[PDB]
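Novice: First, the structure itself, so that you have it in front of you.
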Amino acid sequence: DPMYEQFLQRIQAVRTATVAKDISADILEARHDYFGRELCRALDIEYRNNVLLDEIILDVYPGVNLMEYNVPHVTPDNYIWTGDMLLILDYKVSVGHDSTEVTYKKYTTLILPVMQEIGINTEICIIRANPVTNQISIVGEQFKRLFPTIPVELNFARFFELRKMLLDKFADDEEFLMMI
Ligand SMILES: [Mn+2]
Ligand SMILES: [Mn+2]
C-alpha cells in the first residue's frame, strides 16, 4: 500500500524531534482513517471522514430555513440517514473507552440540541476498534439494531511496526519524549 511506503520513507529520512513527533501523530490518524474505510466497506455505507454539521443538515433536510438556527461548528466523521433517523457516526481506534466517552458527551451536548429545534430525530453513534484485539464496541442503540453483525477484517499490525520503528530511532531523545 502506498500509505505504508510513505510512512516508511518519512521514518527513514527523519532527523529532528519536531518532524518525528508529527510522523507519530500522522500514523495514529491514519490508523483511525484506515479503520473508518474498512468499517464503511463492511457496512455498505458511503465513506466520509469529517463532515460539517451544516452540510449534514442540508443533505438530509435541504428545505430547512437554516439561517434561523445556530449550528455549532463540529465535524463528526460520517452519518447515516435512514429516511426517518439521523445517525451521527464517529470512528475510534483505542484500547480504552475514555476517548469514546469524551466524544460521546461532546456530540450529545453540541449536536442534539440544534437537531431537536430543527426537528430531525438524531442519535450519536460511536464505533471503536481495539487495535490489538480487533474487537468492535458500539454505542448507539439504533445503530446496533440496524447492524447486528459487522463483517470487518482488520489488521493494524503495520501501524504498530511503523510507530515502533520511529520510537526506536529516538529511543534516547529527551525533547522528543517530551511530546511522547
Ligand atoms: Mn474525525
Ligand atoms: Mn473519529
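Residue numbering restarts at 1 in every chain; chains get A, B, ... in the order shown in the C-alpha cells, and ligands count up from 1 in that same order.
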So that I can see what lies close to residue 31 of chain A, please list as a list in words the residues with an atom at most 9 Å from it, counting only C-alpha atoms and leaving out residues fewer than 4 positions away in the same chain.

Specialist: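 What passes the distance filter is residues 26, 27, 35, 36, 93, 131, 156 and 159 of chain A.
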
Novice: Around ligand 2, out to 10 Å and counting only C-alpha atoms and all ligand atoms, which residues are there? I want them as a list in words.

Specialist: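 Residues satisfying the distance criterion: residues 29, 32, 33, 35, 36, 49, 50, 75, 76, 77, 78, 89, 90, 91, 92, 93, 99, 100, 103, 126, 127 and 128 of chain A.
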
Novice: Just how far from atom CA of residue 8 of chain A is atom CA of residue 172 of chain A, in Å to one decimal?

Specialist: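 Going from atom CA of residue 172 of chain A over to atom CA of residue 8 of chain A covers 20.4 Å.
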
Novice: Restricting the calculation to only C-alpha atoms, which member of A:160, A:97, A:152, A:82 is positioned closest to residue 122 of chain A?

Specialist: A:82

Novice: From the set A:40, A:124, A:138, A:74, which residue has the shortest atom-to-atom contact distance to ligand 1, counting only C-alpha atoms and all ligand atoms?

Specialist: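 Among the listed residues, the smallest separation from ligand 1 belongs to A:74.
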
Novice: In Å to one decimal, how far is atom CA of residue 143 of chain A from atom CA of residue 102 of chain A?

Specialist: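 Computing it gives 19.1 Å between the two atoms.
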
Novice: Run DSSP on the backbone and tell me which residues of segment 23-145 of chain A come out as helix (DSSP H, G or I); list them as a PyMOL selection string.

Specialist: chain A and resi 23-43+53-60+66-68+98-110+112-118+141-145

Novice: My list of candidates is A:65, A:15, A:88, A:177. Which is closest to ligand 1 when distances are computed with only C-alpha atoms and all ligand atoms?

Specialist: A:88

Novice: Could you please write out, as a PyMOL selection string, every residue of chain A that DSSP assigns to strand (DSSP E or B)?

Specialist: chain A and resi 78-81+86-93+122-129+136-139

Novice: With a distance cut-off of 12 Å and only C-alpha atoms, select the neighbouring residues of residue 45 of chain A, excluding the residue or stretch itself and same-chain residues fewer than 2 positions from it, and output the selection as a list in words.

Specialist: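 Once the adjacent positions are removed, what remains is residues 36, 37, 38, 39, 40, 41, 42, 43, 47, 48, 78, 79, 80, 81, 82, 89 and 147 of chain A.
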
Novice: Atoms to include: C-alpha atoms. Write the selected residues as a compact mmCIF listing (two decimals), in the first residue's frame.

Specialist:
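Result file selection_0.txt:
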```txt
# COMPACT_ATOMS: atom_id res chain seq x y z
CA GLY A 36 -13.11 4.15 9.07
CA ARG A 37 -12.68 2.97 5.48
CA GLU A 38 -12.88 -0.71 6.44
CA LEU A 39 -15.87 -0.05 8.70
CA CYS A 40 -17.91 1.65 5.99
CA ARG A 41 -16.82 -1.02 3.49
CA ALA A 42 -18.08 -3.80 5.77
CA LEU A 43 -21.39 -1.95 6.29
CA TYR A 47 -17.19 6.59 3.39
CA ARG A 48 -16.69 10.07 4.86
CA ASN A 78 -19.73 10.35 8.99
CA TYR A 79 -23.52 9.97 9.22
CA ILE A 80 -26.30 7.67 8.08
CA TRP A 81 -29.79 8.92 7.17
CA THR A 82 -32.38 6.14 7.27
CA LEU A 89 -21.06 8.32 13.48
CA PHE A 147 -26.09 -3.70 12.12
```

Novice: Find, counting only C-alpha atoms, the residue in A:25, A:71, A:154, A:179 that gets nearest to residue 130 of chain A.

Specialist: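 Using only C-alpha atoms, the shortest distance to residue 130 of chain A belongs to A:154.
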
Novice: Closest to residue 13 of chain A among A:180, A:85, A:150, A:166, using only C-alpha atoms?

Specialist: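 Of A:180, A:85, A:150, A:166, the one nearest residue 13 of chain A is A:166, counting only C-alpha atoms.
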
Novice: Just checking: using only C-alpha atoms, which residue out of A:112, A:96, A:66, A:167 ends up closest to residue 137 of chain A?

Specialist: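 Checking each of A:112, A:96, A:66, A:167 against residue 137 of chain A, counting only C-alpha atoms, the winner is A:96.
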